[PDB]
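Listed next as structure tokens: two forms of one protein chain, kept apart as structure 1 and structure 2.
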Structure 1
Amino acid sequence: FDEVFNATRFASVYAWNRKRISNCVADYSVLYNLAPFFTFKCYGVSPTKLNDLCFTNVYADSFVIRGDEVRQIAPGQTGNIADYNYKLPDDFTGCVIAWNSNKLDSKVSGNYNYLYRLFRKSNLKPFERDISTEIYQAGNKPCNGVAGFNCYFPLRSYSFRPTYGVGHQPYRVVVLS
């Protein structure tokens, strides 16, 4: 689990990374070192049982989003991150973990290496991964692969600057399923 939480670089949320963990006792003691700006929220499971229940296969999904977007990483949620980047199912059994990463993932100029999808023709299915860079046609005229009127680049960078308020700072997220 250290190789996921302590990973030097996380993924962009439109291109979220999935690690299968198998035959591991899950030492959650790594999570105590992430206090003081840590959202931990479990669904279908007690957080306390995760230490003892060695699930034969866990998926650890990992990505970066804004602080105000962390609330969209839950079952039944809607919004640009939930609908077009990372959807959980409504019967989701597992755990959402998110911590402030502003010291690692911001720069004074802005860090722009983290992206998100801002437009898609339809919402994602649960755990669907859309990495496509095709021009989003909002209009009734073909884009022909060119950005223009009703013709948008589907991905956008954030901006992660150290001086931004907590809701605009980068949060590293790990979802366990």
Structure 2
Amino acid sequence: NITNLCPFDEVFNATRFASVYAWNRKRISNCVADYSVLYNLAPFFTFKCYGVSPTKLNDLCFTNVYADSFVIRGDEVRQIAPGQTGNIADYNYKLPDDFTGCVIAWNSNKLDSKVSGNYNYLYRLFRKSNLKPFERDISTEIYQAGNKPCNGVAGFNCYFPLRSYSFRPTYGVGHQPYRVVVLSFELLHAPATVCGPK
């Protein structure tokens, strides 16, 4: 019994998304979960749910909705899924194999693109081993790819692990910046703090 809209729109209309090495995580609680806002708004493409259908988001009571917001390349939008492995999902944002949730993405070329070159939406290039599901790797620690020890100095074979894609508006529709949000939630095991309008 609760009647107060939660900040879903905010999570979606947020002015600036974070880089995919440092993706945000909002605890949604005490919500009426009006999912009509998402698939009623204009672009909001690839509304892909797993273990749930997009229309069955109003007859449910979830335990703890998590909204994870970030920005990735257009080709990687498919790697933000269960059982995927490549460059993005291996070291920056691993989904678990048993994910119940909705991945939502929309083209943000009109919004996250500098014609002088964009150098603020970093992603991680080098990391020794995969991330476990829902791990944030904000480590700025340099990575040794050569036989020379890096000793706190960047250089040949001593890379900064983070670098930006670069987002020009004239970049191929394939790789323009895509804003992504990932709605994780658990189903029926506990007193639900979010429920659909009923």
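Basically, rigid core = biggest C-alpha set you can superpose within 1.5 Å across the two forms. Just so we're on the same page, residue numbers count up from 1 along structure 1's sequence.
Candidate set 58, 31, 115, 118; criterion, C-alpha shift of 2 Å or more between structure 1 and structure 2 after rigid-core fit; matching residue, 31. Once the rigid core is overlaid between structure 1 and structure 2, residue 150 counts among the residues whose Cα shifts by 2 Å or more. Here the rigid core is superposed, and residue 139 then shows its C-alpha moved by 3.5 angstrom between structure 1 and structure 2. A C-alpha shift of 1.0 Å is found for residue 22 between structure 1 and structure 2, based on superposition of the rigid core.
Superposed on the rigid core, the forms differ at residue 88: its CA is offset by 0.4 Å between structure 1 and structure 2.
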